[PDB]
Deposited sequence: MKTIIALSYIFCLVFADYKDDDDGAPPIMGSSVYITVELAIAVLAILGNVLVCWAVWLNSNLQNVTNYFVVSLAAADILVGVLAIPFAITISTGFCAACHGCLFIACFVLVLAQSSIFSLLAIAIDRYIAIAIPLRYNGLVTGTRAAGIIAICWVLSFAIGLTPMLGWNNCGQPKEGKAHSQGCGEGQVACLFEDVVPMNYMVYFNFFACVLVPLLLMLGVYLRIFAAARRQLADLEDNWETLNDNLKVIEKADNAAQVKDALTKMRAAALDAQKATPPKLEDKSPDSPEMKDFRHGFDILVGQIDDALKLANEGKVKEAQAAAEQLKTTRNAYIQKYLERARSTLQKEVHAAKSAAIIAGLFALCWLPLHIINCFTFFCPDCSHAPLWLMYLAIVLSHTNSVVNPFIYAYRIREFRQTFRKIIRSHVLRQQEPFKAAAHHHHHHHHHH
């Protein structure tokens, strides 16, 4: 069949993807500018991520359509066209990595976060990443390419002038750079690092919840042994150690009557007044229900709020890896198996449009998983 027929379908799908990539991600940057609640260090990385997805539809996708024609051009002008999308992919990887680290510091060392992670330092970190992404993505232009061994039979058949070449990715971009340098070092290694950071995040949160529950059960279980008891001095000692262990306002009050009531009943045991030491220790049961019980339930909800946020960010990085791995696996076959038959053009088309689809999914996740984004999105849509 005519080659223009199948080309029109691929061009149509690519042009539609760019429209959704530009529209949705601009809506993300608009919400962060208006709503001040969205103006935190974690969201400055998702705006840098949205800018990379906006630039995919404005530049990378139009570049991909020009590559498909095999037009004649200077080999270095062809290099910038074929390799610019690598600059945007590296920027997203660093943005995903930075997001995972931010949520780790928030759950591991929550007290120092506001002093550790500041808005003026992230603006330089984002700038450092974008400059480094241009270096990684444009590495073939520094000499690691195939401009010195041009395909003349393809250049003569295409009618290319002197100094030009049939602009094709697999012709000017070496496949050892794509597999060893791009996929392994710059993509796979940071992705595995992202998997490790999220493991330590979910485990630490599961341990903090378990530590809080046991500190509550130690406060309750030992309340039954003082009332059914030197035996009262033992439990009142496990009282305090577990009371301050759970200390990690109205709460600061409630702990003061708690540690105070346990202190009063403690000395009543050192001098033998057992029945009075008992009676002085069932009055702290009222303080437990009116103050210490409320602090524990509030911290459990706050813990879930941070975990839900860590889950949402973990989904974004997972969707990235799913949309980009099929393309890299196909390159591993072209490189590691020369006796294999090269992947057909339709499968390559499917791998290109699948990698482009990652520039559309992220604004959907924020609206579905982050309430503040969804509400802010509605105010702009209504107005």
Stretches of the deposited sequence lacking C-alpha coordinates, in sequence order, are 1-24, 254-256, 276-291, 427-449
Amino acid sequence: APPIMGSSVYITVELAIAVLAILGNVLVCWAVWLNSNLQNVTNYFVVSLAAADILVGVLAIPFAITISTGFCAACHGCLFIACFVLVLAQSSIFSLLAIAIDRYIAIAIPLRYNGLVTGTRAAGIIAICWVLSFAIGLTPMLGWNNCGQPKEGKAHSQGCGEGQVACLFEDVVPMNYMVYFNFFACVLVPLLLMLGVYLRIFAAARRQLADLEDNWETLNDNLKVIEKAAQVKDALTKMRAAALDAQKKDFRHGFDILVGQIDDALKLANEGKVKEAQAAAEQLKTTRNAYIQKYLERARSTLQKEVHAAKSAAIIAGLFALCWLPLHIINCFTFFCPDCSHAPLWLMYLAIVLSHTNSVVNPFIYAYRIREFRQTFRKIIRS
From here on, numbers count along this sequence of modelled residues.
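Take the two forms, find the largest set of C-alpha atoms that superpose within 1.5 Å, and that set is the rigid core.
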Which of these two stretches, 193-201 or 282-290, has the larger RMS Cα offset in 8 other deposited structures of this protein when the rigid core is kept aligned? 282-290
Out of 268-276 and 171-179, which shows the greater rigid core-aligned C-alpha deviation in 8 other deposited structures of this protein? 268-276
Flanks modelled, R240 absent in at least a third of other entries: no
Across the other PDB entries of this protein that were compared, is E162 absent from at least a third? no
Between the two ranges 35-43 and 324-332, the one averaging a larger CA B factor in the entry: 35-43
Avg C-alpha B-factor, entry values, 262-270 vs 165-173, higher side is 262-270
Can you pull the Cα B-factors for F80, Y198, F181, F251 from the entry and say which is highest? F251
Maximum C-alpha temperature factor per the entry, among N215, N146, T139, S95, belongs to which one? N215
What third of the chain, by the recorded C-alpha B-factor, contains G159? highest
Which third of the chain holds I226 when residues are ordered by C-alpha B factor: lowest, middle or highest? highest
Among the chain's modelled residues, which third holds the C-alpha B-factor of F202? middle
Of the three thirds of Cα B-factor ranks in this chain, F134 occupies the lowest
Using the B-factor values recorded in the entry, state whether the Cα atom of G115 falls in the lowest, middle or highest third among the modelled residues of its chain. highest
